[PDB]
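model-v7.tsv (TSV, C-alpha atoms and all ligand atoms) appears below.
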```
chain	number	residue	atom	x	y	z
A	1	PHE	CA	-11.05	31.48	-53.57
A	2	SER	CA	-8.51	34.19	-54.56
A	3	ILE	CA	-5.74	33.64	-57.18
A	4	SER	CA	-2.59	35.84	-57.39
A	5	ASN	CA	-1.90	35.49	-61.15
A	6	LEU	CA	-5.04	34.77	-63.29
A	7	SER	CA	-2.89	34.59	-66.48
A	8	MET	CA	-0.94	31.58	-65.11
A	9	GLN	CA	-4.19	29.73	-64.15
A	10	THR	CA	-3.75	26.91	-66.75
A	11	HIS	CA	-1.01	24.24	-67.11
A	12	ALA	CA	-0.40	25.28	-70.77
A	13	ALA	CA	0.23	28.90	-69.73
A	14	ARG	CA	2.78	27.87	-67.05
A	15	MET	CA	4.54	25.46	-69.46
A	16	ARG	CA	5.02	28.41	-71.91
A	17	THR	CA	7.05	30.24	-69.18
A	18	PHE	CA	9.61	27.35	-69.06
A	19	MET	CA	10.68	27.94	-72.69
A	20	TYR	CA	13.94	29.55	-71.45
A	21	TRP	CA	14.20	27.40	-68.25
A	22	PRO	CA	17.94	26.46	-67.71
A	23	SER	CA	18.59	22.95	-69.17
A	24	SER	CA	21.06	22.39	-66.24
A	25	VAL	CA	18.30	22.51	-63.47
A	26	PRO	CA	17.49	18.93	-62.14
A	27	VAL	CA	13.70	19.52	-61.82
A	28	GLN	CA	11.50	19.27	-64.91
A	29	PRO	CA	9.06	22.02	-66.10
A	30	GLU	CA	6.03	19.64	-66.26
A	31	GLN	CA	6.57	18.65	-62.57
A	32	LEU	CA	6.76	22.32	-61.58
A	33	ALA	CA	3.87	23.45	-63.85
A	34	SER	CA	1.73	20.64	-62.38
A	35	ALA	CA	2.44	21.88	-58.82
A	36	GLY	CA	0.97	25.24	-60.02
A	37	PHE	CA	4.38	26.88	-60.64
A	38	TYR	CA	5.64	29.15	-63.52
A	39	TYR	CA	9.12	30.56	-64.36
A	40	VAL	CA	9.76	34.19	-63.31
A	41	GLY	CA	12.74	34.74	-65.68
A	42	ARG	CA	15.61	35.23	-63.14
A	43	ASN	CA	17.87	32.32	-61.85
A	44	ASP	CA	15.67	29.10	-61.35
A	45	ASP	CA	13.04	31.22	-59.58
A	46	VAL	CA	9.45	29.85	-59.83
A	47	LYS	CA	6.20	31.32	-58.37
A	48	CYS	CA	2.76	29.59	-57.63
A	49	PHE	CA	-0.07	31.23	-59.69
A	50	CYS	CA	-2.42	30.92	-56.65
A	51	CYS	CA	-0.57	31.70	-53.36
A	52	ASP	CA	2.20	33.76	-55.07
A	53	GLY	CA	4.73	31.50	-53.27
A	54	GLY	CA	8.28	31.64	-54.64
A	55	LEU	CA	10.81	28.81	-54.73
A	56	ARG	CA	14.41	28.57	-55.98
A	57	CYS	CA	17.69	26.56	-55.64
A	58	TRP	CA	16.13	23.37	-57.03
A	59	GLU	CA	18.33	20.35	-56.18
A	60	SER	CA	18.16	16.78	-57.50
A	61	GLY	CA	15.35	14.73	-55.97
A	62	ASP	CA	13.31	17.82	-54.95
A	63	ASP	CA	9.51	17.09	-55.23
A	64	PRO	CA	7.58	20.28	-56.21
A	65	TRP	CA	4.38	19.16	-54.39
A	66	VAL	CA	6.34	18.42	-51.17
A	67	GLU	CA	8.15	21.81	-51.41
A	68	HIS	CA	4.81	23.59	-52.05
A	69	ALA	CA	3.33	21.89	-48.85
A	70	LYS	CA	6.59	22.44	-46.90
A	71	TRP	CA	6.76	26.27	-47.42
A	72	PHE	CA	3.21	27.42	-48.47
A	73	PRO	CA	0.86	25.03	-46.53
A	74	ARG	CA	-2.12	27.34	-46.64
A	75	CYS	CA	-2.23	27.56	-50.51
A	76	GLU	CA	-5.83	26.84	-51.63
A	77	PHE	CA	-4.61	25.24	-54.91
A	78	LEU	CA	-2.20	22.85	-53.09
A	79	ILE	CA	-5.12	21.90	-50.76
A	80	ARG	CA	-7.79	21.12	-53.53
A	81	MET	CA	-5.00	19.25	-55.45
A	82	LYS	CA	-3.21	17.27	-52.71
A	83	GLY	CA	-5.58	17.51	-49.70
A	84	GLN	CA	-5.29	18.44	-46.02
A	85	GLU	CA	-3.91	14.98	-45.02
A	86	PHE	CA	-0.87	15.37	-47.37
A	87	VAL	CA	-0.25	18.98	-46.26
A	88	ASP	CA	-0.51	17.95	-42.55
A	89	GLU	CA	1.88	14.96	-43.20
A	90	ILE	CA	4.61	17.18	-44.80
A	91	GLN	CA	4.09	19.76	-42.00
A	92	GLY	CA	4.65	16.95	-39.49
A	93	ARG	CA	7.87	15.90	-41.30
A	94	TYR	CA	9.38	19.43	-40.97
A	95	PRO	CA	7.89	20.86	-37.73
A	96	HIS	CA	10.39	23.72	-37.08
A	97	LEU	CA	10.92	25.17	-40.60
A	98	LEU	CA	10.81	28.83	-39.49
A	99	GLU	CA	13.69	28.00	-37.06
A	100	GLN	CA	15.36	25.92	-39.81
A	101	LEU	CA	15.53	28.99	-42.15
A	102	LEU	CA	16.16	31.41	-39.30
A	103	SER	CA	19.84	30.21	-38.98
B	1	LIG	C1	12.84	24.49	-53.70
B	1	LIG	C2	13.93	23.44	-53.47
B	1	LIG	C3	15.14	24.02	-52.71
B	1	LIG	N1	16.05	22.97	-52.21
B	1	LIG	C4	15.34	21.89	-51.49
B	1	LIG	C5	14.67	24.82	-51.51
B	1	LIG	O1	13.89	24.32	-50.68
B	1	LIG	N2	15.12	26.06	-51.46
B	1	LIG	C6	14.70	26.95	-50.37
B	1	LIG	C7	13.71	28.01	-50.87
B	1	LIG	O2	13.55	28.19	-52.09
B	1	LIG	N3	12.98	28.75	-50.04
B	1	LIG	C8	12.97	28.71	-48.56
B	1	LIG	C9	14.37	28.77	-47.92
B	1	LIG	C10	15.54	28.89	-48.92
B	1	LIG	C11	15.88	27.52	-49.56
B	1	LIG	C12	17.22	27.56	-50.35
B	1	LIG	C13	18.32	26.79	-49.61
B	1	LIG	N4	18.41	25.39	-50.07
B	1	LIG	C14	19.57	24.74	-49.43
B	1	LIG	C15	19.23	23.34	-48.88
B	1	LIG	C16	20.20	22.33	-48.92
B	1	LIG	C17	19.93	21.05	-48.43
B	1	LIG	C18	18.69	20.78	-47.85
B	1	LIG	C19	17.72	21.79	-47.78
B	1	LIG	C20	18.00	23.07	-48.28
B	1	LIG	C21	12.22	29.98	-48.19
B	1	LIG	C22	11.18	30.09	-49.29
B	1	LIG	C23	12.00	29.74	-50.53
B	1	LIG	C24	12.74	30.98	-51.04
B	1	LIG	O3	13.92	31.16	-50.78
B	1	LIG	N5	12.01	31.79	-51.81
B	1	LIG	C25	12.60	33.00	-52.39
B	1	LIG	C26	12.03	33.32	-53.77
B	1	LIG	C27	11.47	34.56	-54.09
B	1	LIG	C28	10.98	34.79	-55.37
B	1	LIG	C29	11.04	33.80	-56.34
B	1	LIG	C30	11.60	32.57	-56.03
B	1	LIG	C31	12.11	32.34	-54.75
B	1	LIG	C32	12.60	34.13	-51.36
B	1	LIG	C33	13.81	34.41	-50.70
B	1	LIG	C34	13.86	35.39	-49.72
B	1	LIG	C35	12.70	36.11	-49.40
B	1	LIG	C36	11.50	35.82	-50.06
B	1	LIG	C37	11.43	34.81	-51.02
B	2	ZN	ZN	0.57	27.86	-53.96
```
Represent the structure of the file as structure tokens.
Amino acid sequence: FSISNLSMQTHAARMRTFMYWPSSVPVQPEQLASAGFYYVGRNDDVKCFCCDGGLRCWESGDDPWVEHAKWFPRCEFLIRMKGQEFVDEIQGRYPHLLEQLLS
């Protein structure tokens, strides 16, 4: 088990980073902090403390756990938290993501 950011290990620590999170963003800090994410200070850019995965451009209805599974399926935190079945389900829902983001 190897973490990327030991300082952002706890929920309380990640919550602290959302102090200056833009009020206009339609995703709530607690939902993002719970999915292992913390605010990186630029735009609406969040990173996972474990896999170092970065996400941005948060739209309304976006589920942080689904997005975590969608883009960073091998994250060991996402797996002990949500399980292989969930990760495999989301992966099945979006089976050509590389070719989705590659134009
Ligand atoms: C997260 C929710 C958002 N919207 C669902 C989304 O999926 N957003 C996506 C997203 O973020 N990412 C994926 C694809 C981009 C889209 C944005 C387009 N949404 C339009 C849309 C409209 C309608 C339907 C679907 C989608 C790739 C991984 C991540 C990302 O770009 N990370 C960057 C980053 C780095 C550092 C820190 C933070 C973030 C980064 C960028 C380039 C290289 C490396 C890392
Ligand atoms: Zn992760």
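Going from atom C3 of ligand LIG 1 (chain B) to atom CA of residue 40 of chain A covers 15.6 Å.
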Within 7 Å of ligand ZN 2 (chain B): each chain A residue with its shortest pair, all atoms listed in the file, as CSV:
```
residue,atom,partner,partner_atom,distance
A:36,CA,B:ZN2,ZN,6.6
A:48,CA,B:ZN2,ZN,4.6
A:49,CA,B:ZN2,ZN,6.7
A:50,CA,B:ZN2,ZN,5.1
A:51,CA,B:ZN2,ZN,4.1
A:52,CA,B:ZN2,ZN,6.2
A:53,CA,B:ZN2,ZN,5.6
A:68,CA,B:ZN2,ZN,6.3
A:72,CA,B:ZN2,ZN,6.1
A:75,CA,B:ZN2,ZN,4.5
A:76,CA,B:ZN2,ZN,6.9
A:77,CA,B:ZN2,ZN,5.9
A:78,CA,B:ZN2,ZN,5.8
```
Ligand LIG 1 (chain B): which residues are within 8 Å, counting all atoms listed in the file, as a PyMOL selection string?
chain A and resi 40+44-47+53-59+62-64+67+71+101
By how many Å are atom CA of residue 42 of chain A and atom CA of residue 90 of chain A apart?
28.0 Å
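A straight line drawn from atom CA of residue 87 of chain A to atom CA of residue 22 of chain A is 29.1 Å long.
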Pick from A:102, A:92, A:83, A:20, whichever lies nearest to residue 43 of chain A using only C-alpha atoms:
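Looking at the shortest contact to residue 43 of chain A, the residue is A:20.
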Restricting the calculation to only C-alpha atoms: of A:85, A:74, A:37, A:60, which residue gets closest to residue 25 of chain A?
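Ranked by minimum distance to residue 25 of chain A, first place goes to A:60.
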